[PDB]
Engineer: 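The following block contains the structure, expressed as structure tokens.
Below, chains carry the letters A, B, ... as their sequence lines are ordered, and counting in each starts from 1. Scope of the values below: all heavy atoms of this structure, side chains included, with no hydrogens, waters or symmetry mates.
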Amino acid sequence: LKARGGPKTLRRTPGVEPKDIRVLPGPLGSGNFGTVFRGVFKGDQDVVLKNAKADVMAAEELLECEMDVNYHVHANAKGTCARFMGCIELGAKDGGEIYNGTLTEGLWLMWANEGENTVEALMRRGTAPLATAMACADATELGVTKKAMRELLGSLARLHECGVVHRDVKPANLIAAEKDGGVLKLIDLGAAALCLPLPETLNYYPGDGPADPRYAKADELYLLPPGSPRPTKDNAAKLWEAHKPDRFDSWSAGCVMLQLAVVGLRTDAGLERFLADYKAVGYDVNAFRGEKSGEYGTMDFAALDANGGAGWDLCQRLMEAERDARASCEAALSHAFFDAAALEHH
Amino acid sequence: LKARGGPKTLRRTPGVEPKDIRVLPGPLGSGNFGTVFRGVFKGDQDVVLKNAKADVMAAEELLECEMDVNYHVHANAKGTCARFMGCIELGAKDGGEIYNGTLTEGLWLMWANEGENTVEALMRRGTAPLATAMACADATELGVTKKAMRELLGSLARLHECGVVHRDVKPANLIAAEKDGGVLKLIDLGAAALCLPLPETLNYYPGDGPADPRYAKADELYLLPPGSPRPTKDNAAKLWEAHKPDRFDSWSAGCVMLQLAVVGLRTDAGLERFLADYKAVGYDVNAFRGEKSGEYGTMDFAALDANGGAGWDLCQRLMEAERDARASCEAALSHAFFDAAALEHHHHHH
Ligand SMILES: Nc1ncnc2c1ncn2[C@@H]1O[C@H](COP(=O)(O)OP(=O)(O)O)[C@@H](O)[C@H]1O
Ligand SMILES: Nc1ncnc2c1ncn2[C@@H]1O[C@H](COP(=O)(O)OP(=O)(O)O)[C@@H](O)[C@H]1O
Ligand SMILES: [Mg+2]
Ligand SMILES: [Mg+2]
């Protein structure tokens with residue numbers, strides 16, 4: 001007697017059939033566990049597609065979690081991130097070839113193509129093309145920083161409200177969405193955690209996890225400290241208050257702000273130099289300004305200096321050494337930095 | 001008073017200056033922690049260049065370990081892997097732009113370009129193009145498997161002899177080196193460990209390190225099993241004998257053999273299907289043949305069947321469930337699979 005075969009179960013999104021998707025050859029890029037491609041959905045919709053790397057441990061499971069968090073965000077925080085269009089799962093026989101424009105075997109996630117340009121690419125081209133992409137009328141460091149940070153902090157606040165910590169906030173993961181007025185949208189929930197039981201936490205555990213070293217405080221690569229209890233439906237709220245995992249995003253947002261506000265900090269080496277000096281003076285912005293800024297003769301800190309040093313103060317709040325002292329993204333949003341100009345004389 | 005500052009320090013290899021390197025846009029590939037590009041050195045030497053990914057934690061440290069291991073291999077096991085040409089470190093102001101064909105800020109590693117096609121690429125195009133690339137006169141599955149495995153196992157034996165476990169053995173990390181008679185060379189020591197204190201172990205720790213699941217036994221994604229002693233100068237030799245981290249490479253080599261030997265196993269899905277069945281029958285090759293091979297009417301196991309099933313037996317040796325039973329790469333080399341046939345080549349022999 002031989003064991004019988006049986007059907008394969010495949011995950012599918014209503015309205016999305018494999019026949020509807022053409023994949024464009026050539027990866028947009030690759031992350032720790034997956035690869036991203038451009039595609040065309042139903043003949044005339046520009047989309048982006050992600051699959052799991054065949055050569056990476058647990059890649060499918062990592063992509064499944066990214067899927068779960070994408071559904072959560074789609075339901076609870078629309079507009080914060082690239083629009084999620086669901087998934088498509090293919091078997092081996094029915095898998096095609098990327099270079100021939102067809103989806104290969106495995107799980108694929110699909111989003112709208114929100115734009116060809118990331119904030120990292122734009123800022124490095126310059127403040128002008130960045131402002132243009134963002135539809136930002138004040139095409140200065142201060143202007144783009146105000147608009148971008150209001151949008152970023154607003155979106156992070158909404159994500160945190162529904163229990164999601166993004167965990168990979170940085171210019172490379174922001175797109176100025178031209179079809180939506182240039183507003184910034186986050187991408188890449190590949191490292192995101194769901195930190196409340198809805199119905200269960202996801203990708204949320206004690207100890208260090210994936211982090212971009214440029215945008216994570218070097219001694220804080222965790223959402224929950226290594227000593228923390230494992231999260232459960234019963235202790236999740238307590239852990240959120242105790243360990244403030246959302247403050248991981250706050251620090252990253254501060255890094256974004258520094259790069260938007262100061263042209264010389266837009267290279268990796270530039271921001272790295274700043275953060276090393278910032279740590280050296282005890283994560284004290286005023287100490288940096290007094291002891292270190294004189295060393296930065298090739299840079300212009302005017303955007304941070306403006307209006308009683310409002311920008312510096314906001315960076316300080318977002319980048320306090322201690323999480324318990326560090327501003328939430330919601331609180332940061334109410335900062336003087338974002339105040340409307342008084343008496344504009346129209 | 002003001003702090004005085006001072007010069008930057010940059011790592012360099014004598015005879016290799018960044019002005020002499022042109023980088024070609026378009027990553028050749030990207031792994032877990034780095035990105036590889038084609039380059040041209042001194043206007044006419046085809047090279048390959050690797051830097052760290054800026055977005056990956058400690059990619060910097062991983063690239064440094066890859067560098068160290070490459071220096072070790074260059075000194076102790078020449079010809080086993082792509083020829084290592086050294087490092088080039090660039091600073092901020094002297095750093096360039098990939099689009100301008102210049103090396104960017106940070107540490108770079110450089111190797112000779114050993115060939116445009118990997119064994120993975122070749123085998124999937126067919127045994128014929130693979131055999132041609134390997135200069136393999138016997139252009140059959142058996143022929144290419146014999147020649148490739150002799151070369152691979154020989155090189156793994158040399159690497160293990162100098163304390164190095166490659167940890168990423170697979171067809172994608174083998175190149176048939178056109179300029180050295182088609183002989184296979186390993187690439188990508190990015191996951192490699194130096195497992196002996198020479199003078200210090202490198203990238204060697206208990207627990208599931210990086211592993212390509214296709215080429216790693218599902219429950220053996222480690223070199224050293226967790227909890228077991230952290231590697232130190234005086235427990236190193238002990239751990240080598242006890243946990244046999246080199247047998248990680250043995251299993252991978254078995255996977256390579258399966259794909260070389262059986263065309264149907266050259267796809268990810270094909271090899272995956274086989275290993276699942278192999279696991280299902282208790283990692284017993286004869287049981288697979290007896291209970292399962294009837295389900296593989298799509299495929300041809302002739303290369304493994306040949307000569308009293310010598311190929312099957314070598315696979316069994318390289319792929320024992322238990323490391324304590326699994327052949328070393330050195331031991332595998334003397335297997336009957338590699339024997340010359342009686343009177344082989346008699347018709348032209350002098
Ligand atoms: N929804 C989207 N719309 C437009 N572009 C996207 C979207 N999602 C991802 N991308 C792009 O896909 C790419 C992913 O590549 P990335 O992770 O940066 O690879 P690497 O780390 O090798 O640079 C990024 O350039 C990103 O801008
Ligand atoms: N020394 C070398 N000579 C020629 N090609 C090389 C060398 N080192 C690396 N490469 C090529 O660089 C590429 C790295 O790509 P990667 O994504 O790391 O692996 P994969 O082939 O699994 O995608 C490989 O295609 C490999 O053939
Ligand atoms: Mg003012
Ligand atoms: Mg760098």
Side-chain angles (χ1 to χ4, degrees), chain A residues 80 115 117-158 166 169-178 180-187 214-215 249-268 270-275 277-278 285-286 288-289 293 296 298-320 326-342 344:
Chain A
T80 58
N117 298 140
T118 66
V119 171
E120 181 186 86
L122 286 164
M123 78 190 187
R124 289 172 176 176
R125 288 168 55 200
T127 296
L130 173 61
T132 295
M134 287 170 53
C136 187
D138 178 2
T140 61
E141 282 74 53
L142 179 55
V144 299
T145 300
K146 284 180 142 58
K147 186 175 198 289
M149 291 301 297
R150 185 174 60 253
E151 289 168 5
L152 174 61
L153 295 172
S155 291
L156 289 176
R158 295 177 62 210
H166 177 113
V169 172
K170 55 180 174 221
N173 280 340
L174 291 158
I175 293 184
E178 248 81 304
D180 293 305
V183 69
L184 301 190
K185 295 184 183 181
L186 285 153
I187 57 175
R214 300 169 295 167
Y215 300 95
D249 286 343
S250 297
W251 173 276
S252 305
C255 292
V256 172
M257 180 160 173
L258 288 162
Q259 297 195 113
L260 296 175
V262 187
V263 175
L265 300 182
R266 292 174 182 174
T267 60
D268 293 341
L271 174 64
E272 283 155 8
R273 174 189 166 191
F274 176 88
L275 293 173
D277 276 336
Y278 182 58
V285 169
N286 292 155
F288 173 93
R289 299 159 76 187
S293 72
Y296 289 70
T298 69
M299 307 200 186
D300 187 347
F301 297 99
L304 296 181
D305 287 340
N307 300 297
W312 282 120
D313 186 70
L314 176 50
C315 285
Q316 179 65 272
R317 295 189 197 218
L318 288 172
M319 304 188 72
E320 286 284 351
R326 196 181 305 155
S328 65
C329 287
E330 186 182 27
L333 195 54
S334 71
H335 188 99
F337 187 75
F338 299 112
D339 282 356
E344 290 148 351

Engineer: Checking A:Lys147 now: which residues fulfil salt bridge (charged side-chain N to carboxylate O under 4.0 Å, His left out) with it, not counting sequence neighbours?
Structural biologist: A:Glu151
Engineer: Check whether any side-chain heavy atom of A:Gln316 lies under 4.5 Å from a side-chain heavy atom of A:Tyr278, and answer yes or no.
Structural biologist: yes
Engineer: I'd like to know if the side chain of A:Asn117 and the backbone of A:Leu122 have a donor-acceptor N/O pair within less than 3.5 Å.
Structural biologist: no
Engineer: What's the separation between atom CZ in A:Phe288 and atom CE in A:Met319, rounded to the nearest 0.5 Å?
Structural biologist: 11.0 Å
Engineer: Are A:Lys146 and A:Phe338 in a cation-pi contact, defined as NZ or CZ under 6.0 Å from the six-membered ring centre and within 45° of the axis?
Structural biologist: no
Engineer: Out of curiosity, A:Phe274 CZ to A:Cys315 SG, how far, rounded to the nearest 0.5 Å?
Structural biologist: 7.0 Å
Engineer: Atom CG of A:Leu184 and atom OG of A:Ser155: how far apart are they, to the nearest 0.5 Å?
Structural biologist: 8.0 Å
Engineer: Suppose we screen for side chain to side chain donor-acceptor pair (under 3.5 Å). Which residues come up paired with A:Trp312, at least two apart in sequence or across chains?
Structural biologist: A:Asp305
Engineer: Between CG of A:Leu314 and CE of A:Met257, what distance do you get to the nearest 0.5 Å?
Structural biologist: 4.0 Å
Engineer: Sequence neighbours excluded, which residues qualify as salt bridge (charged side-chain N to carboxylate O under 4.0 Å, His left out) partners of A:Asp180?
Structural biologist: A:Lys185
Engineer: State, yes or no, whether a side-chain contact exists between A:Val169 and A:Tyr215 at a heavy-atom distance under 4.5 Å.
Structural biologist: no
Engineer: Would you give the length of the straight line joining atom CZ of A:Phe337 to atom CG of A:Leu142, rounded to the nearest 0.5 angstrom?
Structural biologist: 5.0 Å
Engineer: List for me each residue that meets salt bridge (charged side-chain N to carboxylate O under 4.0 Å, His left out) alongside A:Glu320, sequence neighbours excluded, and say none if there are none.
Structural biologist: none
Engineer: I'd like to check A:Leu152 versus A:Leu186 (side-chain heavy atoms, cut-off strictly below 4.5 Å). Are they in contact?
Structural biologist: yes
Engineer: Of the non-hydrogen atoms in A:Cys329 and A:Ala157, which two are nearest, and what is the gap between them?
Structural biologist: CB-N, 4.2 Å
Engineer: In chain order, what residues pass the salt bridge (charged side-chain N to carboxylate O under 4.0 Å, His left out) check against A:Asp268, with sequence neighbours excluded?
Structural biologist: A:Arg124, A:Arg214
Engineer: Nearest heavy-atom pair of A:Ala332 and A:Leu153: which atoms, and what distance?
Structural biologist: CB-CD1, 3.9 Å
Engineer: Quick one: do A:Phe301 and A:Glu141 satisfy side-chain contact (heavy atoms from CB on, under 4.5 Å)? Show the steps, please.
Structural biologist: CA-CA 9 Å; A:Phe301 297 99; A:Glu141 282 74 53; over 6 Å; no
Engineer: Side chains of A:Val119 and A:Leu130, heavy atoms from C-beta outward: is any pair under 4.5 Å?
Structural biologist: yes
Engineer: If I take atom CD1 from residue A:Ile187 and atom CD1 from residue A:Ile175, how far apart are they, to the nearest 0.5 angstrom?
Structural biologist: 4.5 Å
Engineer: Mind checking whether A:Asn173 and A:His166 have side chains closer than 4.5 Å, heavy atoms only?
Structural biologist: yes
Engineer: Do A:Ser252 side-chain atoms and A:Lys170 backbone N/O form a donor-acceptor pair below 3.5 Å?
Structural biologist: no
Engineer: Just to verify, what does A:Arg266 make a side chain to side chain donor-acceptor pair (under 3.5 Å) with, not counting sequence neighbours?
Structural biologist: A:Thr127
Engineer: Looking only at non-hydrogen atoms, find the nearest pair between A:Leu275 and A:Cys255 and report the distance.
Structural biologist: CD1-SG, 4.1 Å
